[PDB]
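In: Model the structure of this input:
(4 chains)
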Amino acid sequence: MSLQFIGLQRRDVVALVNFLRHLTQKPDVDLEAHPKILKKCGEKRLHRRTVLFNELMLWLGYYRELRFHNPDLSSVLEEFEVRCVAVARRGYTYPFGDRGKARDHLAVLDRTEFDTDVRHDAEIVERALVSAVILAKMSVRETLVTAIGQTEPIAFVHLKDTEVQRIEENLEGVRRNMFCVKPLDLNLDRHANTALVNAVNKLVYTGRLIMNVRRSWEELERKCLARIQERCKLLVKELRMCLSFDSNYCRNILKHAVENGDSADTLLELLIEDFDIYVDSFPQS
Amino acid sequence: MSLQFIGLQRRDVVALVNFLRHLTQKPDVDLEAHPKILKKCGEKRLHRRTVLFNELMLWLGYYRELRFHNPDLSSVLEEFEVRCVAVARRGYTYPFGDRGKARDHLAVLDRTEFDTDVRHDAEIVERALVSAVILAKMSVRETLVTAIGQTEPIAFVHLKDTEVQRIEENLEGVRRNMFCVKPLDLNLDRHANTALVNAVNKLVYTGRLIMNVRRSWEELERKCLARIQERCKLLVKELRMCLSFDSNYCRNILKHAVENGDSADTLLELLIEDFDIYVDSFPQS
Amino acid sequence: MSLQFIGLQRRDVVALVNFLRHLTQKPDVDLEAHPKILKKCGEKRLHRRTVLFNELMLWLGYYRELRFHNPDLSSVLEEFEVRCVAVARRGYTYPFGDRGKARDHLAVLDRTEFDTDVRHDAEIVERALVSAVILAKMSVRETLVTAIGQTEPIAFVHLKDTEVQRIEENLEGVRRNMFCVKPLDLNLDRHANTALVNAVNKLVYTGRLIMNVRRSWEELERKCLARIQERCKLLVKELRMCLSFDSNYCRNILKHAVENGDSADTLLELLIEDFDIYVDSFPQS
RNA sequence: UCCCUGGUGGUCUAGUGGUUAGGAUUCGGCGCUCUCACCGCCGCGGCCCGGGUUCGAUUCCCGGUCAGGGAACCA
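Out: Residues are numbered from 1 along each chain as shown, chains lettered A, B, ... in the order given. The coordinates are given below.
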């Protein structure tokens, strides 16, 4: 439906709705990143119960938008598979000091594939990148870290400081707004470096992209669910004070547990559809 | 260049000219769906000759507009192929009762590519959809059509009835206005369904969209050509009724049969170019 | 900007500094080609010593601009190396009448590398091109120069006359203004001569582009050095006419030899810095 | 090489620190007329993008944008 707020003026309702409609465009797509939108809720200007209801509705709409856009990186996954295979071939051609030890990493790179679950996908990419970078480091005769518990740093190899700085800025930017992805003019491939190194660096860039998108989204969803649950519990603590028909009705709506954004959809739709019945409880303005 | 209408007042003429451009952005893009525009032609008010001439002009302009817009779906089938590869990617590791059947379907799914011909595109979509629905149904251990000559019906799996109604209505709207497609408010993803089931639902939706656009265009072109061909025969009889220079000239223009889209364009251009020479024939007001 | 002119008006100094600022944008990047600037530098109207000093300043500025805007053919150099590797790849496979001769020339093609120095680049490209052209001549059974103290000329083999004309015009243009390198021409046909011949032809084009750029730049530098030396000598005579402290200071500044553009920058800074103490010797207005 | 303007529905466009952003406008439907030209009727319908200023701004500052004006070699 359309979000229903208790005490907000039209000026604030339109702003809260415009922040949601345009959530993709804004950099730093995080509700907390914008304290002004939370201020539009009526905190310190409205009754506490109305403020809690407003924040619950806001977080529900925000979580709904988040799940709706929900970037599916089908083509990035396609590219990661290709680049993983390319790293494997360039490695198998290359001659190593200990072909056995490089064989473990070439095998880990061959057995890599995407599972049915997506979170597994983020973990898969990370574990593959570790081996790929280890291989590239061995190729240049650099000494990889062998301290136990200091597995490995995923990093580009034989790239000038400027390029690494630009690429890190790009990946951080994707971290802030996952929904919008920008192509890179700067090219990781360099004529000086070995072809194995160039393949490794391209695979590393794509894997960092996948990992950042997936992890950032999962964290946003976790935070949204936690905020929603806090708001539900506190609002119920408040509504339990008055035993009116409509107050009991609002609590009865809120009884549902809000885990599993499927529950979020059901809760939001139940809130909106029966709004006229329980709205008299909250004190407007 | 502009269409020429014998009897009408400049007002109605401006109305028809506005209609032709508005066609691109309108629900129900079909001339016969709008009785008012056709009646505005001058039916039963003017002489039958003039009504026939005006209707022929309107149908020629309408066909010109449809053929000119004529949506191109190259992006959409390119997206369909990626949707297939994503379905396959989620399908591979899932444990199946008969890996032989699952692997055959995953292979049919991967090798899917679109031909340059459009009709081949419709057949491709149908085959890929049958294969993907079979894979998803097997994933959930539901029974399938074992009969000979029978094939599984294309349907969404593990979706609420209300969501199915919503998407059915949306695809109906796409059928009404093939040029403009409205993004659906709903998202096909569900937390209960696995990644494979969600991928299959999205693939089903995009394939349904493709075939709907294709069939709608086919029917529209068929009706346009039939209506034009009827108007020409009727008008030729009416003109044969009267022997004059302008009447004979218009009949001579109407001799060559328009059974094509280019034949219609030639007819429209020739019938416009000589409007002044033969106009006097048709009685006005 | 830093350039100091004795007797010029504000507008003419602005014109000279603007001409140097916009140097690369103008076609025919050569001062001698642009007469209006050189005449405006000083003039017949101004005194001889003043004219000589003004020409010294203009030439020093022009040399500084040339040396700052020298070309950095990093990408073209990498491309030449890639095409050399390609010619070597297709040389070993091709069946030859006497493979020993081919193997000598292939060995020569295989060592080719670019040192840090830009001056070495033309010498490297020439050796590589001679070897490749001999290889292509052997492949097609052409007669190759065998005379004592004679070398094969670098030319395209089995190319159309029109394509040769187009490329020769492009290379003449590059000779005109080198800072602009736009090598966009790859018109070879696979059904044409053969893989070896085509690879050799592309290599020839890139080598010609590099050699032309380098030679044109070096010629400009040589002319600048000649002009600067002549200005210094004539001015030193004119100043030797008078034995003032100021004239002695101006002479002592002009002792520095302007070969080795580093010396040119030394002279430019020395003139600009201490202008106050010796400007009195120069008559102005 | 310089500065100077502007973006407000479906074009065109007034406003112009808290306003449910308003105009003709087409559109659609009321067709009440030979056709509606009367629209006599509504209704849908819109904040250049992002950040930043206070209690709160499309409406103020800073960047980016796209369209423009006139200023640089030629001008």
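In: Relative to residue B:159, how far out is residue A:68?
Out: 16 Å (C-beta to C-beta, to the nearest Å). Yep, even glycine has a C-beta here, placed from its N, CA and C like the rest.
In: do residue A:104 as well
Out: 45 Å.
In: re the thing from before, which of residue A:68 and residue B:159 has more neighbours?
Out: residue B:159 (18 against 12; other C-beta atoms under 10 Å in any protein chain shown).
In: Pull the contacting residues for that one.
Out: For residue B:159, the contacting residues are B:188, B:190, B:201, by C-beta atoms under 8 Å, 6 or more residues apart in numbering or on different chains.
In: and if we set it to 10 Å?
Out: Counting by C-beta atoms under 10 Å, 6 or more residues apart in numbering or on different chains, residue B:159 makes contact with B:166-167, B:186, B:188, B:190, B:193, B:197, B:201, B:204.
In: Phi and psi next, for it.
Out: Per-residue torsions, residue B:159: phi -120, psi 140 (degrees, to the nearest 10).
In: Burial check on residue A:186, number of neighbours?
Out: Each residue near residue A:186 was counted by other C-beta under 10 Å, and the total is 10.
In: Isn't it up against residue A:162?
Out: Yes. With contact defined as C-beta atoms under 10 Å, residue A:186 and residue A:162 form a contacting pair (8.9 Å).
In: Put the alpha carbons of stretch A:141-148 into PDB.
Out: The C-alpha trace of stretch A:141-148 is given here as PDB (Å, rounded to 0.1, in the frame of the first residue of the first chain):
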ATOM      1  CA  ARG A 141      59.500 -15.100  -6.100                       C
ATOM      2  CA  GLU A 142      58.100 -13.100  -3.200                       C
ATOM      3  CA  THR A 143      57.800 -14.800   0.200                       C
ATOM      4  CA  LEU A 144      54.200 -15.400   1.200                       C
ATOM      5  CA  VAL A 145      53.300 -15.100   4.900                       C
ATOM      6  CA  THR A 146      53.700 -18.400   6.700                       C
ATOM      7  CA  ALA A 147      52.700 -17.300  10.200                       C
ATOM      8  CA  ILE A 148      49.800 -19.300  11.600                       C
END
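In: now what about that stretch, what contacts it?
Out: Residues contacting stretch A:141-148 (C-beta under 10 Å, 6+ apart): A:97, A:101, A:133-138, A:151-153, A:157-158.
In: How about whichever residue of the stretch 51-200 of chain A sits closest to chain B: what's its closest non-neighbour residue?
Out: Chain B sits closest to residue A:74 of the stretch 51-200 of chain A, with a gap of 4.7 Å, by C-beta to the nearest C-beta. Take residue A:74 and drop its neighbours on the chain: the residue closest to it by C-beta to C-beta, 6 or more residues apart in numbering or on different chains is residue B:86, 4.7 Å away.
In: Quick check: the gap between the one you found and RNA strand D.
Out: 30 Å (C-beta to the nearest atom of the strand, to the nearest Å).
In: That residue is in contact with residue A:77, isn't it?
Out: Yes. At 7.9 Å, residue B:86 counts as touching residue A:77 under the criterion of C-beta under 10 Å.
In: quick one: common contacting residues for the two?
Out: Shared contacts of residue B:86 and residue A:77, counting by C-beta under 10 Å, 6+ apart, come down to residue A:114.
In: Take the contacts of residue B:159 and lay them out in a markdown table including secondary structure.
Out: Below are those laid out as a markdown table (DSSP: H, G, I helix; E, B strand; the rest coil):
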| residue | secondary structure |
| --- | --- |
| B:166 | helix |
| B:167 | helix |
| B:186 | coil |
| B:188 | coil |
| B:190 | coil |
| B:193 | coil |
| B:197 | helix |
| B:201 | helix |
| B:204 | helix |
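In: Go back to those and keep what's next to RNA strand D.
Out: Restricting those to those touching RNA strand D (C-beta under 7 Å from any atom of the strand) yields no residues.
In: helix or strand for the residue nearest to residue A:74, which one?
Out: Per DSSP states H and E, residue B:86 falls inside helix B:74-91.
In: From the chain's centre, how far out is that helix? Work that out for me.
Out: 23 Å (C-alpha atoms, centre = their mean, to the nearest Å).
In: what does stretch A:110-125 give?
Out: Distance, centroid of stretch A:110-125 to centroid of chain: 17 Å (C-alpha atoms, centre = their mean).
In: for RNA strand D, what are the nearby residues on chain A?
Out: A:9-11, A:15, A:18, A:22, A:25-28, A:34, A:36, A:39.
In: so which residue of the stretch 51-200 of chain A comes closest to RNA strand D?
Out: residue A:177 (9.3 Å; C-beta to the nearest atom of the strand).
In: That residue reaches residue A:216, doesn't it?
Out: Yes. Shown here, residue A:177 and residue A:216 form a contact pair, counting by C-beta under 10 Å, at 9.1 Å.
In: Quick check: residue A:98 vs residue A:104, distance?
Out: Applying C-beta to C-beta to residue A:98 and residue A:104 gives a distance of 10 Å.
In: now do residue A:117
Out: Taking C-beta to C-beta, one finds residue A:117 at 26 Å from residue A:104.
In: Same check on residue A:116?
Out: 26 Å.
In: quick one: contacts for residue A:227?
Out: Residue A:227 touches A:31-32, A:55-56, A:58-60, A:62-63, counting by C-beta under 10 Å, 6+ apart.
In: Is there a quick PyMOL command that grabs whichever of these are buried?
Out: Buried members of those, defined by 16 or more other C-beta atoms under 10 Å in any protein chain shown, are picked up in PyMOL with:
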select buried, chain A and resi 31+55+56+58+59+60+62+63
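In: Please narrow the contacts of residue A:227 to those residing in helices.
Out: When DSSP state H defines the helices, the subset of the contacts of residue A:227 inside them is A:55-56, A:58-60, A:62-63.
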